[PDB]
Structures are given as C-alpha cells and as structure tokens.
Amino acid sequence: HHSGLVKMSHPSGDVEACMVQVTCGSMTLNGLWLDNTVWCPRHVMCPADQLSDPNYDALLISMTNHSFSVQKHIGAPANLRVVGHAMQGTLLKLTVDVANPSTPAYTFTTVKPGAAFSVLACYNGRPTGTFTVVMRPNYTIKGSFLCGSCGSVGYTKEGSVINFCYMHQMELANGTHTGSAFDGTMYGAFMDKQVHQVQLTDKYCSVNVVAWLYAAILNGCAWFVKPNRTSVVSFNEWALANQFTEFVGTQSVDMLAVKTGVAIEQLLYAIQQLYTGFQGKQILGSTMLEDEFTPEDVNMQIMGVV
C-alpha cells in the first residue's frame, strides 16, 4: 500500500527565468537575476589555487564592473552589462543595467531545520534538475550537486510569491551540502573557504516524524498507536538525550490530530517506542523513522489542504 507521499517540489518555471551564468575571469558559476540585481557566490572572485585562504575584501577591491560577465542562456538570451558590484556576507550583489522582465513576486527568507524547500540545480546558467530537501538540524541538506552547481537556488512559495532561501556554496566531507541565505550568511557555522570544516551532529526532526506517523494513520496504518501518551515537555527532555529535535507543535500538526482523532502525545509515545526498534514490523514500507516529510507535506499531499 503506497502512502501517497512523494518528494514534491514546486514548479520551477518562474525561477528558471531568473537563472544566469556569472563569469569572473577564469571562474564561472550560476547567479540569480531579480530586478536590477544578480546574486551569486562571492568565491567566483577567487583564483583556484587560493580558495583555501582568500581575502574577499581585497578581491572585491581588485574588481571593476567589467570584471563580471553575466549571461542569460535560456529563453531569450541576453548579455547583461554590470554597472555596480558589492558584497553582502558570502554573496556578491551585481547591479545590472536591465531589470529582469521575468522577475516574479519574491521575498528573501531563511529556512529553519526540518522545513522543506525546492532546489533548482543549475550548471553554466542552465537549469538541469529540481528536487526538494529538508534543512537538517546541523544546517546541511542532503542534496545532489556537482562541480559547477554553485549559485543554484532554493526556495519556497507562498501563493504566487517565491521566497528565496538558499544559494548553493559547498559540499562537506560526508556528502551533504550547504550554502547561503540571501542576507549573505552561511547556514550553520560554515565558512565559504576551501578547508575541511567541523560539521555538527545531525538529529531526527521530531515534528516531521510525527507528520509521517500521521500520514501512516491516514493510510489506515495505525498498529503503533496505543492509548499511552508522552507529554511534549517530557518528550522534549527525552529528545535531548536521544538525538531528536525538540517538538514544537503547529497548526499544521493540529489539523492532522483533528483529522485522525489521534493526539500528538500518543505519537510522541510511539516515537519513543519505535526508536528502540520496529520489532519486525513496517510503517509505510519502512523499518526506520522517516523525518523527510513535513506536516505541511502531509496536509497538502493527502488531504489537499494548503
């Protein structure tokens, strides 16, 4: 029995129309063209045998507007003339002389651990695929990015408004990925330089495991639901010792509780038991806890509620 859950990304067309290629001398990567601004990772400025210890302030000083070439390859091709350049945290803001005619309604936001967003993977300014990820508690994502992908963007959508939340920067030793918010900060404690980096411990996202257990009930799978309950406060003390995030309820979770008639506290107890072992049983085809679906995923994909 299929749960009805897939990894569901937003349609990417609106964001595709904003991707460009940014070249600075010998270096190239992707950028995001919104209004008269092109955003891209600042390490496009850095020579290859220097990424280990760059001085981004000096590199920026050494650049002129003609140092940056910006090209739109898809749709109607364009070459964009740069008329200003500036740095914000780990991003460059290049000002161009033409406003993107396809600029969507947009905002910038930061995504939080456990929340899902859509990524448009791009190479040389050309979109190549789209996928969705949850931001991990250690501020990495389990993505799919190769050489040339930097500047690929992540986003959520609220109505027609695109909320850009991620610009890809790097791959860690363990194969996971991280990047910047559009305020220029790196997610977590990461730094955009070519050095091995202390990468922190991941955790199970409790609110997402609860959502997934609700998805199981909505599919008629509820062998793990007992009358026993664990309070949110007690679960959260337990979570601290057992590699779970602390549970914070939301209206989205509340709607799942009302729909199923199963209280959050019943599922907090269930998680504590399932963490010790599934004892030969399965839930939605799995023998381990699933934390990659959000409460909003379950409400949208199974009940059609946004």
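For the two forms, the rigid core is made up of the largest set of C-alpha atoms that agree within 1.5 Å on superposition. Numbering starts at 1 and runs along the sequence shown.
Which is farther from the shown form in 9 other deposited structures of this protein in C-alpha RMS with the core fitted, 33-41 or 47-55? When 47-55 and 33-41 are compared in 9 other deposited structures of this protein, the bigger C-alpha shift is seen for 47-55.
After fitting on the rigid core, which stretch moves more in 9 other deposited structures of this protein, 190-198 or 149-157, going by C-alpha RMS? Comparing 149-157 with 190-198, the one that moves more in 9 other deposited structures of this protein is 190-198.
Does the comparison with other PDB entries of this protein show residue 78 lacking coordinates in a third or more of them, where both adjacent residues are built? Missing in at least a third of the others, so yes.
Comparing 195-203 with 94-102, where is the mean C-alpha B-factor higher? Mean CA B-factor is higher for 195-203.
Residue range whose averaged C-alpha B-factor is higher in the record, 128-136 or 223-231: According to the entry, 223-231 carries the higher average C-alpha B-factor.
Can you tell me which of 76, 161, 121, 111 has the maximum CA B-factor listed in the PDB entry? Among 76, 161, 121, 111, the highest C-alpha B-factor in the entry belongs to 76.
Per the entry's Cα B factor values, which of 294, 282, 21, 12 stands out as the maximum? Answer, based on the entry's C-alpha B-factors: 282.
Modelled-residue ranking by C-alpha temperature factor, third containing residue 213: For residue 213, whose C-alpha B-factor we compare with every modelled residue in the chain, the answer is the lowest third.
Would the CA B-factor of residue 255 place it in the lowest, middle or highest third of its chain? Middle third of the chain for residue 255's C-alpha B-factor.
Thinking about Cα B factors across the chain, which third does residue 61 belong to? As the PDB entry reports it, the C-alpha B-factor of residue 61 lands in the highest third of its chain.
Among the modelled residues of this chain, does the Cα B factor of residue 238 put it in the lowest, middle or highest third? Top third by C-alpha B-factor.
Ordered by C-alpha B-factor within the chain, which third holds residue 152? Give me lowest, middle or highest, please. As the PDB entry reports it, the C-alpha B-factor of residue 152 lands in the lowest third of its chain.
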